[PDB]
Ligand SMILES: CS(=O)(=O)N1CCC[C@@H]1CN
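As structure tokens, one chain now follows by itself in the form solved without this ligand.
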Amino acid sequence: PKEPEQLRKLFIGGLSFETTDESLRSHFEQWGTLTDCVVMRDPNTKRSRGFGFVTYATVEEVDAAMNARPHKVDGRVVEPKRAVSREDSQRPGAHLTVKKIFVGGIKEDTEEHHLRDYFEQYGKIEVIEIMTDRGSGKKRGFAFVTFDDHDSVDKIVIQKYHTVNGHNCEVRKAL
């Protein structure tokens, strides 16, 4: 019944070196129950590595925290990011932080408003590009959507399914 823990974590980059497990928790508990919260430190010096992780009890709590950005934690604006699968990563353990998606499988009957009406609930859209053939102008059956922020893309690509205009679509991070 609980969402997988991986989908409930936020990496928090850019921490003040004075941020502690306790102060990171106090801050992020404003948006949900935290089942875990840790500042990464050097194993010998105990000096902060400048990043940490928080784990919420639910995905809706992750969303609430992301919607409350920018977060100023102990005087410094931090960089929260949610996890995505390796298929949308540039190397194991690394986050491909992009604002654009490829949307495939939309065929020739899908229009800009279909993509806008669906994707606007993931984030603020800046560009919709329905791809057409360079020679004929016919729709090629794929599109790109650019958002104002990467978390929209991260939420999108972790869904198993996207149904747009009745088509089951393939969605991936782009560039």
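Numbers follow the displayed sequence, beginning with 1.
Below: the form deposited with this ligand bound, not depicted.
- Open site. This ligand, superposed from its pose in the deposited complex, has no atom within 2.4 Å of any backbone or C-beta atom of the chain shown.
- Among residues of the shown chain, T33 is not one whose heavy atoms approach this ligand to within 4.5 Å in the deposited complex.
- At a distance threshold of 4.5 angstroms between non-hydrogen atoms, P70 is in contact with this ligand in the deposited complex.
- Residue contact with this ligand in the deposited complex: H114 places no heavy atom within 4.5 Å of it.
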